[PDB]
Amino acid sequence: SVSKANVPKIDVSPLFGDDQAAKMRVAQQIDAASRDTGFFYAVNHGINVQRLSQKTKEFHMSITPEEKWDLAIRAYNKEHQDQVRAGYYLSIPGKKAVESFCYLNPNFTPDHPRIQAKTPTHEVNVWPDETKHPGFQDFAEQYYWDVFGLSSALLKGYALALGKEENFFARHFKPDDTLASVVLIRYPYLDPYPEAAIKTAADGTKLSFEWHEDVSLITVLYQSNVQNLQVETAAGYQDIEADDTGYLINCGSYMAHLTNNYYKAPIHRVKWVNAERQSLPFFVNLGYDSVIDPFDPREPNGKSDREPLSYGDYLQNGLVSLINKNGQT
Ligand SMILES: CC1([C@@H](NC(=O)[C@H](CS)NC(=O)CCC[C@H](N)C(=O)O)C(=O)O)CC1
Ligand SMILES: [Fe+2]
């Protein structure tokens with residue numbers, strides 16, 4: 001058998017309030033989890049995840065092949081050269097099971113200065129026809145802001161955990177310019193399930209997505225109640241239990257960089273499971289020009305021998321690298 005990973009449930013509700021002592025006690029829990037397996041479940045987060053799951057299901061199960069081509073990113077549709085990040089990521093029956101829809105900051109409108117400048121990693125979202133998907137765009141945009149709010153609170157906890165003032169990360173995480181993304185991933189039930197869509201780890205474990213570190217500051221994830229994630233620890237890969245009432249939180253490699261690996265970006269992978277399920281990550285990305293000076297909370301003077309890295313450089317490079325390593329999703 002595989003051992004269960006220690007993934008504590010942390011009540012993050014104090015991070016929304018003004019009880020500074022209570023917030024420090026939450027920060028300690030975040031610190032402990034970040035130094036151990038690198039994962040925790042945020043609970044009492046205030047988001048209606050059942051409704052998220054329902055609205056997402058309605059979308060995934062009603063969108064048609066025609067609509068998927070019309071929304072497709074450039075990896076699937078050469079006509080859509082501006083869609084690198086935002087849009088539909090098609091399945092390939094017989095070969096690739098997973099499919100998804102990615103959207104960015106709703107404030108990235110045609111008149112946004114970064115869109116006007118054609119700055120890499122900024123795109124205007126694409127949406128299905130309102131009549132075919134009533135309420136979907138409005139729901140999805142509101143969800144962006146709901147999970148943005150949770151993420152801002154979590155970033156206050158991480159800042160306090162690292163010995164900083166609570167706005168240390170959050171001051172770089174702004175509605176007008178965040179590069180954060182939501183991905184609505186559908187993992188299907190298939191009978192038969194094509195072997196070509198199943199990868200095999202060195203240890204024999206059947207996978208849907210190979211080992212990686214996240215391209216993010218932190219990742220704020222909702223998934224269905226079907227166990228699938230594994231984290232590499234000193235004791236080997238361990239199973240992360242599912243909890244469809246909480247958000248699974250972990251650091252990405254930008255946090256590892258900033259903290260000189262005090263908070264590592266945990267290596268994790270997705271087991272193959274033949275089950276109809278959802279994986280709905282929010283990747284907490286900063287602004288394109290955001291630079292946080294790296295530091296080291298294990299060193300008396302706090303200094304690090306790492307060089308400052310702008311978030312935009314980090315993100316553009318990381319997303320390409322992840323595609324090269326683990327494939328176009
Ligand atoms: C592990 C998990 C998901 N995998 C993923 O989402 C994987 C590894 S974290 N992530 C990516 O491919 C990066 C997608 C970035 C997105 N297009 C953007 O432009 O911002 C899965 O396979 O379920 C939930 C996050
Ligand atoms: Fe990941």
# chains A, B, ... in the order shown; residues from 1 in each chain; ligands from 1

$ closest_atom_pairs --of "chain A" --to "ligand 1" --cutoff "9 Å" --atoms "only C-alpha atoms and all ligand atoms" --output "JSON lines"
{"residue": "A:84", "atom": "CA", "partner": "ligand 1", "partner_atom_place_in_ligand_line": "19 (O)", "distance": 7.3}
{"residue": "A:85", "atom": "CA", "partner": "ligand 1", "partner_atom_place_in_ligand_line": "19 (O)", "distance": 4.0}
{"residue": "A:86", "atom": "CA", "partner": "ligand 1", "partner_atom_place_in_ligand_line": "19 (O)", "distance": 6.4}
{"residue": "A:87", "atom": "CA", "partner": "ligand 1", "partner_atom_place_in_ligand_line": "17 (N)", "distance": 8.8}
{"residue": "A:89", "atom": "CA", "partner": "ligand 1", "partner_atom_place_in_ligand_line": "17 (N)", "distance": 8.8}
{"residue": "A:98", "atom": "CA", "partner": "ligand 1", "partner_atom_place_in_ligand_line": "22 (O)", "distance": 8.1}
{"residue": "A:101", "atom": "CA", "partner": "ligand 1", "partner_atom_place_in_ligand_line": "17 (N)", "distance": 8.5}
{"residue": "A:102", "atom": "CA", "partner": "ligand 1", "partner_atom_place_in_ligand_line": "17 (N)", "distance": 6.0}
{"residue": "A:103", "atom": "CA", "partner": "ligand 1", "partner_atom_place_in_ligand_line": "19 (O)", "distance": 7.7}
{"residue": "A:104", "atom": "CA", "partner": "ligand 1", "partner_atom_place_in_ligand_line": "20 (O)", "distance": 7.4}
{"residue": "A:121", "atom": "CA", "partner": "ligand 1", "partner_atom_place_in_ligand_line": "19 (O)", "distance": 7.5}
{"residue": "A:179", "atom": "CA", "partner": "ligand 1", "partner_atom_place_in_ligand_line": "20 (O)", "distance": 7.7}
{"residue": "A:180", "atom": "CA", "partner": "ligand 1", "partner_atom_place_in_ligand_line": "20 (O)", "distance": 6.5}
{"residue": "A:181", "atom": "CA", "partner": "ligand 1", "partner_atom_place_in_ligand_line": "20 (O)", "distance": 4.7}
{"residue": "A:182", "atom": "CA", "partner": "ligand 1", "partner_atom_place_in_ligand_line": "20 (O)", "distance": 7.1}
{"residue": "A:183", "atom": "CA", "partner": "ligand 1", "partner_atom_place_in_ligand_line": "16 (C)", "distance": 6.5}
{"residue": "A:184", "atom": "CA", "partner": "ligand 1", "partner_atom_place_in_ligand_line": "6 (O)", "distance": 8.9}
{"residue": "A:185", "atom": "CA", "partner": "ligand 1", "partner_atom_place_in_ligand_line": "23 (O)", "distance": 6.7}
{"residue": "A:186", "atom": "CA", "partner": "ligand 1", "partner_atom_place_in_ligand_line": "23 (O)", "distance": 8.5}
{"residue": "A:187", "atom": "CA", "partner": "ligand 1", "partner_atom_place_in_ligand_line": "23 (O)", "distance": 8.0}
{"residue": "A:208", "atom": "CA", "partner": "ligand 1", "partner_atom_place_in_ligand_line": "22 (O)", "distance": 7.0}
{"residue": "A:209", "atom": "CA", "partner": "ligand 1", "partner_atom_place_in_ligand_line": "22 (O)", "distance": 5.7}
{"residue": "A:210", "atom": "CA", "partner": "ligand 1", "partner_atom_place_in_ligand_line": "8 (C)", "distance": 8.6}
{"residue": "A:211", "atom": "CA", "partner": "ligand 1", "partner_atom_place_in_ligand_line": "8 (C)", "distance": 8.7}
{"residue": "A:212", "atom": "CA", "partner": "ligand 1", "partner_atom_place_in_ligand_line": "8 (C)", "distance": 6.9}
{"residue": "A:213", "atom": "CA", "partner": "ligand 1", "partner_atom_place_in_ligand_line": "9 (S)", "distance": 7.1}
{"residue": "A:214", "atom": "CA", "partner": "ligand 1", "partner_atom_place_in_ligand_line": "9 (S)", "distance": 4.9}
{"residue": "A:215", "atom": "CA", "partner": "ligand 1", "partner_atom_place_in_ligand_line": "13 (C)", "distance": 6.8}
{"residue": "A:216", "atom": "CA", "partner": "ligand 1", "partner_atom_place_in_ligand_line": "9 (S)", "distance": 8.5}
{"residue": "A:219", "atom": "CA", "partner": "ligand 1", "partner_atom_place_in_ligand_line": "25 (C)", "distance": 7.5}
{"residue": "A:220", "atom": "CA", "partner": "ligand 1", "partner_atom_place_in_ligand_line": "25 (C)", "distance": 8.5}
{"residue": "A:221", "atom": "CA", "partner": "ligand 1", "partner_atom_place_in_ligand_line": "24 (C)", "distance": 6.2}
{"residue": "A:222", "atom": "CA", "partner": "ligand 1", "partner_atom_place_in_ligand_line": "24 (C)", "distance": 7.8}
{"residue": "A:223", "atom": "CA", "partner": "ligand 1", "partner_atom_place_in_ligand_line": "24 (C)", "distance": 7.5}
{"residue": "A:228", "atom": "CA", "partner": "ligand 1", "partner_atom_place_in_ligand_line": "23 (O)", "distance": 8.5}
{"residue": "A:229", "atom": "CA", "partner": "ligand 1", "partner_atom_place_in_ligand_line": "1 (C)", "distance": 7.1}
{"residue": "A:252", "atom": "CA", "partner": "ligand 1", "partner_atom_place_in_ligand_line": "9 (S)", "distance": 8.7}
{"residue": "A:268", "atom": "CA", "partner": "ligand 1", "partner_atom_place_in_ligand_line": "1 (C)", "distance": 7.6}
{"residue": "A:269", "atom": "CA", "partner": "ligand 1", "partner_atom_place_in_ligand_line": "1 (C)", "distance": 6.6}
{"residue": "A:270", "atom": "CA", "partner": "ligand 1", "partner_atom_place_in_ligand_line": "22 (O)", "distance": 6.0}
{"residue": "A:278", "atom": "CA", "partner": "ligand 1", "partner_atom_place_in_ligand_line": "23 (O)", "distance": 7.8}
{"residue": "A:279", "atom": "CA", "partner": "ligand 1", "partner_atom_place_in_ligand_line": "23 (O)", "distance": 4.8}
{"residue": "A:280", "atom": "CA", "partner": "ligand 1", "partner_atom_place_in_ligand_line": "24 (C)", "distance": 6.3}
{"residue": "A:281", "atom": "CA", "partner": "ligand 1", "partner_atom_place_in_ligand_line": "25 (C)", "distance": 5.1}
{"residue": "A:282", "atom": "CA", "partner": "ligand 1", "partner_atom_place_in_ligand_line": "25 (C)", "distance": 8.0}
{"residue": "A:283", "atom": "CA", "partner": "ligand 1", "partner_atom_place_in_ligand_line": "20 (O)", "distance": 6.4}
{"residue": "A:284", "atom": "CA", "partner": "ligand 1", "partner_atom_place_in_ligand_line": "20 (O)", "distance": 9.0}
{"residue": "A:285", "atom": "CA", "partner": "ligand 1", "partner_atom_place_in_ligand_line": "20 (O)", "distance": 8.3}
{"residue": "A:315", "atom": "CA", "partner": "ligand 1", "partner_atom_place_in_ligand_line": "20 (O)", "distance": 8.4}
{"residue": "A:318", "atom": "CA", "partner": "ligand 1", "partner_atom_place_in_ligand_line": "13 (C)", "distance": 8.8}
{"residue": "A:319", "atom": "CA", "partner": "ligand 1", "partner_atom_place_in_ligand_line": "13 (C)", "distance": 6.2}
{"residue": "A:322", "atom": "CA", "partner": "ligand 1", "partner_atom_place_in_ligand_line": "12 (O)", "distance": 6.8}
{"residue": "A:323", "atom": "CA", "partner": "ligand 1", "partner_atom_place_in_ligand_line": "12 (O)", "distance": 7.0}
{"residue": "A:326", "atom": "CA", "partner": "ligand 1", "partner_atom_place_in_ligand_line": "12 (O)", "distance": 8.2}
{"residue": "A:327", "atom": "CA", "partner": "ligand 1", "partner_atom_place_in_ligand_line": "12 (O)", "distance": 8.4}
{"residue": "A:328", "atom": "CA", "partner": "ligand 1", "partner_atom_place_in_ligand_line": "12 (O)", "distance": 7.6}
{"residue": "A:329", "atom": "CA", "partner": "ligand 1", "partner_atom_place_in_ligand_line": "12 (O)", "distance": 6.1}

$ closest_residue --among "A:203, A:141, A:19, A:123" --to "residue 106 (chain A)" --atoms "only C-alpha atoms"
A:141

$ atom_distance --atom1 "CA of residue 140 (chain A)" --atom2 "CA of residue 96 (chain A)"
25.3 Å

$ residues_around --residues "residue 227 (chain A)" --least-positions-apart "4" --cutoff "8 Å" --atoms "only C-alpha atoms" --output "ChimeraX atom specification"
/A:239-242

$ write_last_selection --atoms "C-alpha atoms" --output "PDB file, in the first residue's frame"
ATOM      1  CA  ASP A 239      -1.676   9.666  -1.161  1.00  0.00           C
ATOM      2  CA  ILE A 240      -3.393  12.981  -0.545  1.00  0.00           C
ATOM      3  CA  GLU A 241      -6.910  12.267   0.633  1.00  0.00           C
ATOM      4  CA  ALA A 242      -9.760  13.925  -1.238  1.00  0.00           C
TER       5      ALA A 242
END

$ residues_around --residues "residue 88 (chain A)" --least-positions-apart "5" --cutoff "12 Å" --atoms "only C-alpha atoms" --output "PyMOL selection string"
chain A and resi 59-60+63-77+80+83+98-103+125-128+183-186+329

$ atom_distance --atom1 "CA of residue 8 (chain A)" --atom2 "CA of residue 40 (chain A)"
5.1 Å

$ select_by_dssp --residues "region 164-261 of chain A" --states "helix (DSSP H, G or I)" --output "list in words"
residues 170, 171, 172, 195, 196, 197, 253, 254, 255, 256, 257 and 258 of chain A

$ closest_atom_pairs --of "region 260-313 of chain A" --to "region 159-177 of chain A" --cutoff "12 Å" --atoms "only C-alpha atoms" --output "JSON lines"
{"residue": "A:260", "atom": "CA", "partner": "A:162", "partner_atom": "CA", "distance": 11.7}
{"residue": "A:262", "atom": "CA", "partner": "A:162", "partner_atom": "CA", "distance": 9.2}
{"residue": "A:263", "atom": "CA", "partner": "A:162", "partner_atom": "CA", "distance": 9.1}
{"residue": "A:283", "atom": "CA", "partner": "A:173", "partner_atom": "CA", "distance": 11.7}
{"residue": "A:284", "atom": "CA", "partner": "A:173", "partner_atom": "CA", "distance": 8.2}
{"residue": "A:285", "atom": "CA", "partner": "A:173", "partner_atom": "CA", "distance": 7.4}
{"residue": "A:286", "atom": "CA", "partner": "A:173", "partner_atom": "CA", "distance": 5.1}
{"residue": "A:287", "atom": "CA", "partner": "A:177", "partner_atom": "CA", "distance": 5.4}
{"residue": "A:288", "atom": "CA", "partner": "A:177", "partner_atom": "CA", "distance": 7.6}
{"residue": "A:289", "atom": "CA", "partner": "A:172", "partner_atom": "CA", "distance": 9.2}
{"residue": "A:290", "atom": "CA", "partner": "A:172", "partner_atom": "CA", "distance": 6.1}
{"residue": "A:291", "atom": "CA", "partner": "A:172", "partner_atom": "CA", "distance": 8.4}
{"residue": "A:292", "atom": "CA", "partner": "A:169", "partner_atom": "CA", "distance": 8.1}
{"residue": "A:293", "atom": "CA", "partner": "A:168", "partner_atom": "CA", "distance": 10.8}
{"residue": "A:294", "atom": "CA", "partner": "A:162", "partner_atom": "CA", "distance": 12.0}
{"residue": "A:295", "atom": "CA", "partner": "A:162", "partner_atom": "CA", "distance": 9.8}
{"residue": "A:296", "atom": "CA", "partner": "A:162", "partner_atom": "CA", "distance": 9.1}
{"residue": "A:297", "atom": "CA", "partner": "A:162", "partner_atom": "CA", "distance": 6.6}
{"residue": "A:298", "atom": "CA", "partner": "A:162", "partner_atom": "CA", "distance": 9.9}
{"residue": "A:302", "atom": "CA", "partner": "A:163", "partner_atom": "CA", "distance": 10.2}
{"residue": "A:310", "atom": "CA", "partner": "A:172", "partner_atom": "CA", "distance": 11.2}
{"residue": "A:311", "atom": "CA", "partner": "A:172", "partner_atom": "CA", "distance": 9.8}
{"residue": "A:312", "atom": "CA", "partner": "A:177", "partner_atom": "CA", "distance": 11.1}

$ write_last_selection --atoms "C-alpha atoms" --output "compact mmCIF listing (two decimals), in the first residue's frame"
# COMPACT_ATOMS: atom_id res chain seq x y z
CA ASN A 260 15.16 29.95 -0.68
CA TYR A 262 12.22 27.15 3.13
CA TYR A 263 8.74 26.58 1.69
CA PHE A 283 -3.15 29.39 -9.87
CA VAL A 284 -2.22 32.38 -7.75
CA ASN A 285 0.03 34.45 -9.99
CA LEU A 286 1.18 38.00 -9.31
CA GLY A 287 1.44 40.88 -11.81
CA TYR A 288 3.72 40.81 -14.81
CA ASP A 289 6.22 43.26 -13.27
CA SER A 290 5.89 42.03 -9.68
CA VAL A 291 9.29 41.37 -8.11
CA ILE A 292 9.73 40.24 -4.53
CA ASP A 293 13.32 40.29 -3.24
CA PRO A 294 14.28 36.73 -2.28
CA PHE A 295 15.00 36.10 1.41
CA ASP A 296 15.75 33.19 3.74
CA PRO A 297 13.81 32.77 7.06
CA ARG A 298 16.37 30.20 8.26
CA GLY A 302 17.39 36.93 6.23
CA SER A 310 9.95 39.17 -12.11
CA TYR A 311 6.72 37.22 -11.99
CA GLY A 312 6.06 37.67 -15.71

$ residues_around --residues "residue 195 (chain A)" --least-positions-apart "6" --cutoff "12 Å" --atoms "only C-alpha atoms" --output "list in words"
residues 93, 94, 95, 96, 97, 206, 207, 208, 272 and 274 of chain A

$ write_last_selection --atoms "N, CA and C atoms" --output "short mmCIF file (atom, residue, chain, number, x, y, z; two decimals), in the first residue's frame"
data_model
loop_
_atom_site.label_atom_id
_atom_site.label_comp_id
_atom_site.auth_asym_id
_atom_site.auth_seq_id
_atom_site.Cartn_x
_atom_site.Cartn_y
_atom_site.Cartn_z
N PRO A 93 -10.01 11.64 -28.23
CA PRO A 93 -10.49 10.30 -27.91
C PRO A 93 -9.57 9.22 -28.46
N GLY A 94 -9.33 8.20 -27.65
CA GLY A 94 -8.36 7.16 -27.96
C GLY A 94 -6.94 7.46 -27.53
N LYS A 95 -6.64 8.72 -27.18
CA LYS A 95 -5.25 9.17 -26.92
C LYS A 95 -5.08 10.03 -25.66
N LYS A 96 -6.01 10.95 -25.45
CA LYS A 96 -5.92 11.93 -24.38
C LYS A 96 -7.32 12.10 -23.80
N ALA A 97 -7.45 11.79 -22.52
CA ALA A 97 -8.75 11.78 -21.87
C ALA A 97 -9.15 13.15 -21.37
N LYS A 206 0.03 3.97 -12.22
CA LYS A 206 -0.64 4.49 -13.39
C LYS A 206 -1.06 5.93 -13.12
N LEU A 207 -0.70 6.82 -14.04
CA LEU A 207 -0.87 8.26 -13.88
C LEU A 207 -1.68 8.88 -15.01
N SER A 208 -2.35 9.98 -14.70
CA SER A 208 -2.87 10.88 -15.72
C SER A 208 -1.94 12.06 -15.99
N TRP A 272 -3.95 7.96 -12.33
CA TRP A 272 -5.03 7.57 -13.21
C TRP A 272 -6.14 6.93 -12.38
N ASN A 274 -10.30 5.77 -13.21
CA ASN A 274 -11.35 5.77 -14.22
C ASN A 274 -12.67 6.21 -13.58
#

$ closest_residue --among "A:304, A:238, A:324, A:205" --to "residue 257 (chain A)" --atoms "only C-alpha atoms"
A:304

$ select_by_dssp --residues "region 55-284 of chain A" --states "strand (DSSP E)" --output "ChimeraX atom specification"
/A:87-89,99-103,181-187,199-200,206-212,218-223,229-233,236-239,247-251,268-271,277-284

$ write_last_selection --atoms "C-alpha atoms" --output "mmCIF file, in the first residue's frame"
data_model
loop_
_atom_site.group_PDB
_atom_site.id
_atom_site.type_symbol
_atom_site.label_atom_id
_atom_site.label_comp_id
_atom_site.auth_asym_id
_atom_site.auth_seq_id
_atom_site.Cartn_x
_atom_site.Cartn_y
_atom_site.Cartn_z
ATOM 1 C CA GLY A 87 -9.810 28.867 -23.973
ATOM 2 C CA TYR A 88 -10.645 25.237 -24.524
ATOM 3 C CA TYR A 89 -8.105 22.410 -24.312
ATOM 4 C CA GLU A 99 -10.075 18.281 -21.380
ATOM 5 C CA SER A 100 -10.430 21.713 -19.841
ATOM 6 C CA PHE A 101 -11.355 25.355 -20.090
ATOM 7 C CA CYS A 102 -8.982 28.045 -18.865
ATOM 8 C CA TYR A 103 -9.771 31.667 -18.148
ATOM 9 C CA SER A 181 -5.920 31.644 -13.879
ATOM 10 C CA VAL A 182 -8.847 29.323 -13.264
ATOM 11 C CA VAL A 183 -8.835 25.973 -15.054
ATOM 12 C CA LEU A 184 -12.016 23.890 -15.201
ATOM 13 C CA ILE A 185 -10.634 20.379 -15.836
ATOM 14 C CA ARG A 186 -12.807 17.446 -16.771
ATOM 15 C CA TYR A 187 -11.389 13.982 -16.135
ATOM 16 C CA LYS A 199 1.086 7.123 -18.225
ATOM 17 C CA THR A 200 3.182 4.868 -16.005
ATOM 18 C CA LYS A 206 -0.641 4.493 -13.391
ATOM 19 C CA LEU A 207 -0.874 8.259 -13.882
ATOM 20 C CA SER A 208 -2.868 10.876 -15.720
ATOM 21 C CA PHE A 209 -0.233 13.611 -15.137
ATOM 22 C CA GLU A 210 3.410 13.133 -14.203
ATOM 23 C CA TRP A 211 5.457 14.553 -11.375
ATOM 24 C CA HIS A 212 5.944 18.290 -11.325
ATOM 25 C CA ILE A 218 0.425 29.176 -4.425
ATOM 26 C CA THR A 219 -2.229 26.890 -5.914
ATOM 27 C CA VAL A 220 -5.785 26.914 -4.537
ATOM 28 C CA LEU A 221 -7.597 23.765 -5.682
ATOM 29 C CA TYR A 222 -11.077 22.293 -5.596
ATOM 30 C CA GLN A 223 -11.487 18.646 -6.625
ATOM 31 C CA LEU A 229 -3.170 13.214 -5.944
ATOM 32 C CA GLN A 230 0.142 11.998 -4.586
ATOM 33 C CA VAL A 231 2.948 14.006 -3.007
ATOM 34 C CA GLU A 232 6.599 13.007 -2.897
ATOM 35 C CA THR A 233 7.944 13.025 0.648
ATOM 36 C CA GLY A 236 8.188 8.270 -0.880
ATOM 37 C CA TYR A 237 4.990 9.159 -2.746
ATOM 38 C CA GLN A 238 2.030 9.378 -0.380
ATOM 39 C CA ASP A 239 -1.676 9.666 -1.161
ATOM 40 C CA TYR A 247 -9.527 23.779 -0.894
ATOM 41 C CA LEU A 248 -6.240 21.929 -1.262
ATOM 42 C CA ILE A 249 -3.410 24.453 -0.939
ATOM 43 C CA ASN A 250 0.277 24.171 -1.852
ATOM 44 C CA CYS A 251 3.180 26.402 -2.818
ATOM 45 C CA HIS A 268 3.245 15.850 -6.860
ATOM 46 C CA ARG A 269 1.472 13.820 -9.522
ATOM 47 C CA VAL A 270 -2.005 12.752 -10.567
ATOM 48 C CA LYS A 271 -2.943 9.078 -10.451
ATOM 49 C CA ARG A 277 -14.480 13.943 -11.890
ATOM 50 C CA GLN A 278 -13.453 17.574 -11.660
ATOM 51 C CA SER A 279 -10.174 19.305 -10.941
ATOM 52 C CA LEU A 280 -10.581 23.074 -10.588
ATOM 53 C CA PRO A 281 -7.304 24.822 -9.785
ATOM 54 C CA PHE A 282 -6.781 28.537 -9.277
ATOM 55 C CA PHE A 283 -3.145 29.392 -9.867
ATOM 56 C CA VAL A 284 -2.224 32.385 -7.752
#

$ residues_around --residues "residue 45 (chain A)" --least-positions-apart "3" --cutoff "12 Å" --atoms "only C-alpha atoms" --output "VMD selection string"
chain A and resid 9 to 16 41 to 42 48 to 49 146 to 154 220 222 245 to 249

$ write_last_selection --atoms "N, CA, C and O atoms" --output "compact mmCIF listing (two decimals), in the first residue's frame"
# COMPACT_ATOMS: atom_id res chain seq x y z
N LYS A 9 -6.18 19.93 8.07
CA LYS A 9 -7.27 20.82 7.76
C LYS A 9 -7.08 22.05 8.64
O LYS A 9 -7.01 21.94 9.86
N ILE A 10 -6.95 23.21 8.00
CA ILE A 10 -6.72 24.48 8.69
C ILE A 10 -7.92 25.39 8.49
O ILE A 10 -8.30 25.69 7.35
N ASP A 11 -8.54 25.80 9.59
CA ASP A 11 -9.62 26.77 9.57
C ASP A 11 -9.00 28.13 9.27
O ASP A 11 -8.31 28.72 10.11
N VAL A 12 -9.23 28.61 8.05
CA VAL A 12 -8.62 29.85 7.58
C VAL A 12 -9.51 31.06 7.82
O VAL A 12 -9.14 32.18 7.47
N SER A 13 -10.66 30.87 8.46
CA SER A 13 -11.58 31.98 8.64
C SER A 13 -11.00 33.22 9.36
O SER A 13 -11.32 34.34 8.99
N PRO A 14 -10.09 33.02 10.34
CA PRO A 14 -9.51 34.24 10.94
C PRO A 14 -8.75 35.14 9.96
O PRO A 14 -8.61 36.35 10.22
N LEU A 15 -8.28 34.60 8.84
CA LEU A 15 -7.54 35.40 7.87
C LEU A 15 -8.42 36.43 7.16
O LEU A 15 -7.90 37.33 6.51
N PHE A 16 -9.74 36.29 7.28
CA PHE A 16 -10.66 37.29 6.74
C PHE A 16 -10.98 38.41 7.72
O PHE A 16 -11.63 39.38 7.33
N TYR A 41 -5.45 21.43 3.66
CA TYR A 41 -6.80 21.80 3.24
C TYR A 41 -7.23 23.05 3.99
O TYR A 41 -7.21 23.08 5.22
N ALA A 42 -7.60 24.09 3.24
CA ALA A 42 -8.24 25.25 3.81
C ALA A 42 -9.72 24.92 3.99
O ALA A 42 -10.40 24.56 3.02
N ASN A 48 -18.91 28.66 -1.93
CA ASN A 48 -19.91 27.63 -2.23
C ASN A 48 -19.35 26.70 -3.30
O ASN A 48 -19.56 26.89 -4.52
N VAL A 49 -18.64 25.68 -2.84
CA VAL A 49 -17.98 24.76 -3.76
C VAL A 49 -18.96 23.77 -4.40
O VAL A 49 -18.73 23.29 -5.50
N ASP A 146 -14.38 35.34 -6.16
CA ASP A 146 -14.52 34.62 -4.90
C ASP A 146 -13.21 33.92 -4.52
O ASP A 146 -12.75 34.04 -3.39
N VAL A 147 -12.61 33.21 -5.48
CA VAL A 147 -11.38 32.49 -5.16
C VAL A 147 -10.18 33.45 -5.07
O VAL A 147 -9.25 33.23 -4.29
N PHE A 148 -10.25 34.57 -5.78
CA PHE A 148 -9.26 35.65 -5.58
C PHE A 148 -9.30 36.12 -4.13
O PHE A 148 -8.26 36.30 -3.50
N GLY A 149 -10.49 36.32 -3.58
CA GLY A 149 -10.65 36.76 -2.19
C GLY A 149 -10.09 35.76 -1.18
O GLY A 149 -9.37 36.11 -0.26
N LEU A 150 -10.39 34.48 -1.39
CA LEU A 150 -9.82 33.45 -0.53
C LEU A 150 -8.30 33.47 -0.64
O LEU A 150 -7.59 33.36 0.35
N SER A 151 -7.79 33.58 -1.87
CA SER A 151 -6.36 33.53 -2.09
C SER A 151 -5.64 34.70 -1.42
O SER A 151 -4.55 34.54 -0.88
N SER A 152 -6.26 35.87 -1.45
CA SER A 152 -5.71 37.05 -0.78
C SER A 152 -5.59 36.79 0.71
O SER A 152 -4.56 37.10 1.32
N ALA A 153 -6.61 36.18 1.30
CA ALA A 153 -6.59 35.84 2.72
C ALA A 153 -5.48 34.82 3.00
O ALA A 153 -4.69 34.97 3.93
N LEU A 154 -5.36 33.82 2.14
CA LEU A 154 -4.32 32.81 2.34
C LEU A 154 -2.94 33.46 2.24
O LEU A 154 -2.03 33.11 2.98
N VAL A 220 -4.60 26.94 -5.39
CA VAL A 220 -5.78 26.91 -4.54
C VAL A 220 -6.81 26.05 -5.29
O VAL A 220 -7.41 26.47 -6.28
N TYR A 222 -9.91 23.12 -5.88
CA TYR A 222 -11.08 22.29 -5.60
C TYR A 222 -11.04 21.05 -6.47
O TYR A 222 -10.81 21.14 -7.67
N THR A 245 -15.06 19.38 0.28
CA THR A 245 -15.58 20.51 1.02
C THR A 245 -14.52 21.59 1.25
O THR A 245 -14.87 22.69 1.67
N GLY A 246 -13.25 21.26 1.06
CA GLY A 246 -12.13 22.15 1.33
C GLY A 246 -11.38 22.53 0.06
O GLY A 246 -11.65 21.99 -1.02
N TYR A 247 -10.46 23.48 0.18
CA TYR A 247 -9.53 23.78 -0.89
C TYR A 247 -8.17 23.20 -0.52
O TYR A 247 -7.65 23.46 0.57
N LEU A 248 -7.59 22.44 -1.45
CA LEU A 248 -6.24 21.93 -1.26
C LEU A 248 -5.26 23.02 -1.67
O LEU A 248 -5.36 23.58 -2.78
N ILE A 249 -4.35 23.36 -0.74
CA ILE A 249 -3.41 24.45 -0.94
C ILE A 249 -1.98 23.92 -0.95
O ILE A 249 -1.63 23.06 -0.15

$ closest_residue --among "A:133, A:24, A:38, A:44" --to "ligand 2" --atoms "only C-alpha atoms and all ligand atoms"
A:38

$ decode --residues "region 293-312 of chain A" --atoms "C-alpha atoms" --output "PDB file, in the first residue's frame"
ATOM      1  CA  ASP A 293      13.319  40.288  -3.235  1.00  0.00           C
ATOM      2  CA  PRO A 294      14.275  36.729  -2.279  1.00  0.00           C
ATOM      3  CA  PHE A 295      15.004  36.104   1.406  1.00  0.00           C
ATOM      4  CA  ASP A 296      15.753  33.189   3.743  1.00  0.00           C
ATOM      5  CA  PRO A 297      13.806  32.770   7.063  1.00  0.00           C
ATOM      6  CA  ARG A 298      16.369  30.196   8.262  1.00  0.00           C
ATOM      7  CA  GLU A 299      19.271  32.702   8.053  1.00  0.00           C
ATOM      8  CA  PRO A 300      19.919  35.195  10.876  1.00  0.00           C
ATOM      9  CA  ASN A 301      20.254  38.171   8.456  1.00  0.00           C
ATOM     10  CA  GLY A 302      17.391  36.932   6.234  1.00  0.00           C
ATOM     11  CA  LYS A 303      19.610  37.146   3.133  1.00  0.00           C
ATOM     12  CA  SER A 304      19.524  34.797   0.156  1.00  0.00           C
ATOM     13  CA  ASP A 305      21.998  34.126  -2.678  1.00  0.00           C
ATOM     14  CA  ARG A 306      19.127  34.054  -5.192  1.00  0.00           C
ATOM     15  CA  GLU A 307      18.519  36.821  -7.694  1.00  0.00           C
ATOM     16  CA  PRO A 308      15.238  38.702  -8.022  1.00  0.00           C
ATOM     17  CA  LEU A 309      12.948  37.288 -10.696  1.00  0.00           C
ATOM     18  CA  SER A 310       9.949  39.169 -12.114  1.00  0.00           C
ATOM     19  CA  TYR A 311       6.723  37.220 -11.992  1.00  0.00           C
ATOM     20  CA  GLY A 312       6.057  37.671 -15.714  1.00  0.00           C
TER      21      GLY A 312
END
